[PDB]
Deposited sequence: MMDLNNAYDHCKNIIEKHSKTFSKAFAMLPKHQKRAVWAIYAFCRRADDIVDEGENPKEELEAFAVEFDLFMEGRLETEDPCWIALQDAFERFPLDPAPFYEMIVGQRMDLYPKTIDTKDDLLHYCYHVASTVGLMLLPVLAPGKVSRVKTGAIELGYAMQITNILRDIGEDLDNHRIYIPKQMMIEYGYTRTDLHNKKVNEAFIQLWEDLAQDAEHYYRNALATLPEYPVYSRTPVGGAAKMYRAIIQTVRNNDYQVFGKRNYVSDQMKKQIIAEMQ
């Protein structure tokens, strides 16, 4: 298909999978918005290989090999996701380094793994979420990447910790645990408690500890918003606040994360306030 229809393919992907990020980045100007769609499609395919694919090691390495060919300028394909990403790399000075780092992060979910410390958690969050922020920065803040980089990495930490805090039960059912073992020990929340899906006072202490780290990272990220160009401030600030609002959503539902999303109306409220 042509470039317009390849980008529209990516528009469908982001709209189907993230009401938050599709709504936030729809507010960007045309070519920046389309580039975000193409970058999102790259991230979605990598994560879905590892989290939903039936042969994730072989499929992720094949994806990595395709990205190598893409970066050499030699990938000949009819895949709309690569057609769109080719244009985005041509149109904006996208840096391949965080794209490779995403793949490093996805490799971390191929085999059994225990998060021991908060440092272990941030290492994982850096490679699977902070890298997304870094992929986007040349589109969102041309010429100002080094100025906003730290806030973008920390926004990744904030969003990934939020994701983890929302998904404790979903991940448990999928035989994954991202809560640090050392905080489980600190607060006296055992593996048997977690397996029993217990929402007790120790769980809440641990959950709030992580949530407060996320809130600190969101605050640090939002402090950098004046350094973005004006046309990126509502998209980035809106994405940040809409995703942060998952935390208070869970609190308002009494920390029940073993069975949470921000309502459509609340997303509109946050976007209006940014605007």
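*Asks:* Tell me which segments of the deposited chain sequence are not represented by C-alpha atoms in this structure.
*Replies:* Going by the record, the segments left unmodelled (no C-alpha atoms) fall at 1, 261 to 262.
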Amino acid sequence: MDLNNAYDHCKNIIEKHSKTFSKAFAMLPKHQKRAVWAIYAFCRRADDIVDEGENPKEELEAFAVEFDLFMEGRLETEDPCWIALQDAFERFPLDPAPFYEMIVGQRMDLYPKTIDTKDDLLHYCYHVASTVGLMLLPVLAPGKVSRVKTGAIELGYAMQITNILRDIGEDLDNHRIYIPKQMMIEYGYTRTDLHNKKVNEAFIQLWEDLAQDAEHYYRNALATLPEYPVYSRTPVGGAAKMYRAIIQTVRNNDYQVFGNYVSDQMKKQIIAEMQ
From here on, numbers count along this sequence of modelled residues.
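If you superpose the two forms and keep the largest set of C-alpha atoms that fall within 1.5 Å, you have the rigid core.
*Asks:* 190 to 198 versus 108 to 116: which one's CA atoms end up farther from this form in 4 other deposited structures of this protein after a core fit?
*Replies:* Once the cores are fitted, 108 to 116 deviates more in 4 other deposited structures of this protein.
*Asks:* Root mean square C-alpha distance from this form after a core fit in 4 other deposited structures of this protein: higher for 262 to 270 or for 5 to 13?
*Replies:* Of 262 to 270 and 5 to 13, the stretch deviating more in 4 other deposited structures of this protein is 262 to 270.
*Asks:* Out of 63 to 71 and 230 to 238, which one has CA B-factors that are higher on average in the deposited record?
*Replies:* Going by the record's values, the stretch with the higher mean is 63 to 71.
*Asks:* Do the CA atoms of 186 to 194 or those of 124 to 132 have the higher mean B-factor in the entry?
*Replies:* If you average the C-alpha B-factors of 186 to 194 and of 124 to 132, the larger mean comes out for 186 to 194.
*Asks:* Per the entry's Cα B factor values, which of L165, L85, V199, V139 stands out as the maximum?
*Replies:* Within the set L165, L85, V199, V139, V199 shows the top C-alpha B-factor.
*Asks:* What's the residue among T249, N55, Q32, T224 with the greatest CA temperature factor in the PDB record?
*Replies:* In this record, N55 carries the highest C-alpha B-factor of the candidates.
*Asks:* Against its chain's modelled residues, does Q160's Cα B factor rank lowest, middle or highest third?
*Replies:* Its C-alpha B-factor belongs to the lowest third of this chain's values.
*Asks:* Would the CA B-factor of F25 place it in the lowest, middle or highest third of its chain?
*Replies:* According to the entry, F25 has a C-alpha B-factor in the chain's lowest third.
*Asks:* Taking the C-alpha B-factors as the PDB entry records them, is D47 in the lowest, middle or highest third of its chain?
*Replies:* According to the entry, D47 has a C-alpha B-factor in the chain's middle third.
*Asks:* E101: which third of its chain by C-alpha temperature factor?
*Replies:* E101: CA B-factor falls in the middle third of its chain.
*Asks:* Using only modelled residues of the chain, where does the Cα B factor of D119 rank: lowest third, middle third or highest third?
*Replies:* Middle third by C-alpha B-factor.
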